[PDB]
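Let me begin by presenting the structure, written as structure tokens, before commenting on it.
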Ligand SMILES: Nc1ncnc2c1ncn2[C@@H]1O[C@H](COP(=O)(O)OP(=O)(O)OP(=O)(O)O)[C@@H](O)[C@H]1O
Ligand SMILES: Nc1ncnc2c1ncn2[C@@H]1O[C@H](COP(=O)(O)OP(=O)(O)OP(=O)(O)O)[C@@H](O)[C@H]1O
Ligand SMILES: Nc1ncnc2c1ncn2[C@@H]1O[C@H](COP(=O)(O)OP(=O)(O)OP(=O)(O)O)[C@@H](O)[C@H]1O
Ligand SMILES: [K+]
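Residue numbers (the deposited numbering), protein chains in the order written: chain D, 30 to 364; chain C, 30 to 364; chain A, 23 to 368; chain G, 50 to 97.
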């Protein structure tokens, strides 16, 4: 009872599955690419995690660093100043605790700098770790800043919202059959140089043995200059007539109830403000197309101005239709 | 009243009402989205307000935080000497007001850190407030920097300038009819890979009894290779010749007043200065269609250098012509 | 193939199978390499080199202006005023130490760090006496902000170009020629590895050959297009699974002359250039491959790579270039076309 | 692992047999030894 595998699921999102792909690998730089495009929830945590980590790490490099040069002991043994004058060799002035060291750490990699913890010039290793901490702080700061700007740059583009009607129809226009979906639009800006292509997916044997397993023909759509452009403000009805040249030409009234057909439709174009290319895909399997009922009018001239109504986006009514095939209807006049 | 509703208004806009659609829900991301695309008379205001609000809020927090631990009391009582302010017991050193705490907050936020307002490791809660405010300050700084840079990157994207005409002229040209109009350009740049499209909107009722309220027919544009690209430096005269099969083939040549018609012109391109796609458009209703008049030659050699004057950009001249539709021109050789 | 062994250089390979344009330009009017060029090389470095140039630049600026500050705190008679240990610092207050508590180049360097990266430890401040020091401080901060901005721009632009990883478009290493649907057909296989689709795709197939003209001219490297044989004459293509892009030739295309023996000595070379814009990046990409005469394993036919799994199709990529040598007529390019009396030369 | 070019499914044991023996037992032992050290430390700290 499983549906025979569909090439493009009804909600776009082509559901193919190719394996044995030679594992190209897992490029060392890949984490950064994954890092750039995260939910804002994460890029407001990895920020905090990176900063807090670096701070703590350099702090530990730092509380211990104060101990080694004799700093902790002078303050502790006597009074800081009442009993005695400074040893004057303190690496960073008044750096009392592995708490105080942590506090000091915040000044170097965050560029605040209070002043009560100066850097003397005796201990060279201290100068080395100062250079290193400052460089790391700058690199981390710049990388995080670039990430935050990328995820504030891409706040304009959100998502493809191009809506095809649920299922197709098949009717007669000017004494000949047709095939209709109903494309449409949602947001303010029109699409630019929007284009439409209709492909039929089928299993084609060949009179010379070859049997293309899942083979995709392209078929023309209807337009009085045979051009695939389009310009949509209210939903259109993009027909694509069937004729002797067309492949659907052998479909039948009964056979469509159990048939191997797959009419994918693709629509391309850009969006004016964002200036970004985009495309949208969808389909029509044999179960989904029901013959003889044309779609229902939308545009209504209100008193003031035209009105486009969505209440009946996919509504259908039956209409006269002959049950023969495409080649049958044109087979003979008397036919 | 009785104004038949135009599909798209003469001054470059789309005016068809969006009705009855479901509410997708104003997602929270939209707020940031609308922050990004603001004109500069609001961006600096929101910028400043955000900075001031953060400053003041954290200053109030520090004042409270130098309240519960009783720093504030201690500074006040010991006026004469202060005994080194009880050996700097207070969590934040030398803060002993609100305004002073405000100065401390400004120092910590904007990375100044004067020094009189040193911070000790005496109490933990102060460290927690410092870390919190620091990280929030960095996030606000990064966000606002991103905003300003996004605005900077869109300096070139300014507005749209394409000079159409208020008059379509149907005068004879090379032994047939035409429906010309004038297309101009103001900016010094040349639109790369421009295209033109002409569409006709009118109500129609299909032979099989289905009615289509509006219906975009297309019409070809004349070009000696049937190519819709174009090279617009000077004003140009688009002309959509009326062959036998064109929709305008049965106009009431001089009873063209009560006619349910509209012509739409759409020009697409990408500007070679930015790279952004762009599109201009307009429409001609019946009442704005001069008959018999042809457009007026403009291009004039002046002193051996070509001159183009827009003073006479869109003014026409009446010139005698046949008054019968092309069909009334197709029946007999001399009709 | 000893003749080919000595003929390894003589070879009609206009574009290497990798894709580059193996050519040689010369006698050109190289105006020079203006300054801004170097800056562009700064953008397109790799991470190890960018990090090195970054850190080296910061350290060089710090050390240089520290040396300058050292000279400054020398000339103002400051180091001596400190060195006078009659007291802890007996007359070091009135002498207007140009920079407070600057004792030796190490200390001056600590001050340089403290003034460029906006740390500011306070223990050593500029004073109200020496205008020269104020001039050098202004210069320090201006150069600091410019260098900071430029390095930030570099790092950012190496971050914003993280979408680009590598072009991954795959061809059948070999061509194939066969008979399909009653007539001779030229084939090739095209597949993709990236999950993302390729919008507005297009392909073009061109023949590169040395030509002759009846008028007398010869065009050395002549290019001529060929149709891509889609159902409704359009160079569009949907790429979910890999497929077979067949440019079948009748008369107008230059395949009428082909004789099976001639392929070894054949001079024509097929070039394929396809292009499209990637959906999730916004970049227009273009991939090119070369089909040399030595790689055209005539007479074969391609294999099938689509199988019904449980509910979802499975696809292989190992069997790309594997072919089953289905029997086909020989040299029928003109014989079958210019139909003999039988009109069925096959 | 949220964006890469590999077999998407999660199924592997590349060099696990000489490493499973290593980690799975080693870390546990190690975690055991760290627990032991925690015990000695806690009781000693109470003593001192
Ligand atoms: N108001 C609407 N806004 C957006 N999409 C719509 C709307 N109405 C219908 N659709 C589209 O119709 C498709 C299927 O709709 P659904 O099956 O939920 O309702 P239906 O009435 O059973 O089907 P249909 O609406 O197509 O007749 C969906 O892809 C959806 O995008
Ligand atoms: N000098 C000009 N430069 C650019 N565009 C022009 C110029 N003159 C007219 N146009 C455009 O032509 C269109 C209509 O021209 P029309 O023949 O109606 O003259 P008009 O509109 O009365 O002139 P105006 O717009 O100055 O009142 C207008 O939309 C206008 O933008
Ligand atoms: N599963 C796959 N993974 C990676 N590359 C592939 C795969 N299948 C085919 N190719 C590529 O297709 C090209 C030609 O493949 P061909 O049809 O010759 O199969 P092949 O004989 O196995 O190729 P090769 O000899 O290069 O391994 C090769 O360059 C190869 O890179
Ligand atoms: K970008």
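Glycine included, each C-beta is placed from N, C-alpha and C at the ideal position.
If you compare the alpha carbons of 282(A), 341(A) and 122(A) with that of residue 98(A), the shortest gap goes to 122(A).
Contact check for residue 325(C) against residue 221(C) fails: the beta carbons are separated by 8 angstroms or more.
Taken in chain order, the unbroken stretches of beta strand (DSSP E) that lie wholly in the stretch 225-258 of chain C and span 3 residues or more are 245-248. Counting every other CB atom within 10 Å of its CB across the protein chains shown gives residue 176(D) a total of 16 or more, marking it as buried.
Nearest neighbour of residue 133(C) by Cα position, chosen from 155(C), 118(C) and 115(C), turns out to be 155(C). Contact between residue 202(D) and residue 237(C) holds: CB atoms are separated by about 6 angstroms, below the 8 angstroms threshold. Sequence-distant partners of residue 173(A) (beyond 5 residues in either direction) whose C-beta falls short of 8 angstroms from its own C-beta, in its chain, are 76, 79 and 80. Contact between residue 297(D) and residue 288(D) does not hold, since the beta-carbon distance rounds to 28 angstroms and is not under 8 angstroms. Taking 7 angstroms as the cut-off, the C-beta of residue 182(D) counts as close to a heavy atom of ligand 4.
Sequence-distant partners of residue 302(D) (beyond 5 residues in either direction) whose C-beta falls short of 6 angstroms from its own C-beta, in its chain, are 218. In the three-state reduction of the DSSP assignment, residue 222(A) falls in the strand class, which pools E and B. Close partners of residue 140(A) in chain C (Cβ separation under 8 angstroms): 140. For residue 158(D), the enclosing alpha helix (DSSP H) begins and ends at 153-182. Beta-bridge partners assigned by DSSP to residue 48(C): 338(D). In the DSSP annotation of this structure, the continuous segment of the beta strand (DSSP E) that includes residue 328(A) starts and ends at 328-330. For residue 205(C), same chain residues with a beta-carbon under 7 angstroms away, outside a window of 5 residues either side, are 270 and 271 in chain order. At a cut-off of 8 angstroms between C-beta atoms, residue 247(C) counts as an interface residue with respect to chain D. Where residue 100(D) is concerned, the enclosing alpha helix (DSSP H) starts and stops at 100-106.
Ranked by how close their Cα comes to the Cα of residue 168(C), the residues 159(D), 158(D), 164(D) and 181(D) have 181(D) in first place.
At least one C-beta of chain C is nearer than 8 angstroms to the C-beta of residue 143(D). In chain order, the residues that have a beta carbon nearer than 6 angstroms to some heavy atom of ligand 3 are 49(D), 50(D), 51(D), 192(A), 194(A), 195(A), 196(A), 339(A), 340(A), 342(A) and 343(A). Secondary structure of residue 134(D) (DSSP, three-state): helix. Distance from the CA atom of residue 35(D) to the CA atom of residue 31(C), rounded to whole angstroms, is 53 angstroms. The alpha carbon of residue 147(D) has as its nearest neighbour, out of 140(A), 25(A), 274(A) and 145(A), the alpha carbon of 145(A). By the Cβ neighbour-count rule, residue 88(D) is buried, with 16 or more other Cβ atoms within 10 Å of its own. For the C-beta of residue 183(D), not a single chain G residue is nearer than 9 angstroms; the gap to the nearest is close to 15 angstroms.
Contact check for residue 337(A) and residue 47(D): beta-carbon distance about 3 angstroms, within the 8 angstroms limit, so the pair qualifies. Around the beta carbon of residue 286(A), a 10 Å sphere encloses fewer than 16 other beta carbons of the protein chains shown; the residue is thus reported as exposed. Residue 238(C) has its CB no nearer than 7 angstroms to any heavy atom of ligand 2.
Within the DSSP secondary-structure output, residue 298(A) pairs in a beta bridge with 307(A). For residue 146(A), no beta strand (DSSP E) segment is defined, and its DSSP state is neither H nor E.
Flagged as an interface residue toward chain D: residue 177(A), by a C-beta distance shorter than 8 angstroms. Counting other Cβ atoms within 10 Å of its Cβ, residue 110(D) stays below 16 and is therefore classed as exposed.
Relative to ligand 2, even the nearest heavy atom lies 7 angstroms or more away from the CB of residue 298(A).
In this structure, residue 199(D) keeps its C-beta atom at 8 angstroms or more from the C-beta atom of residue 225(D). Residue 199(A): member of the beta strand (DSSP E) spanning 198-202, first to last residue.
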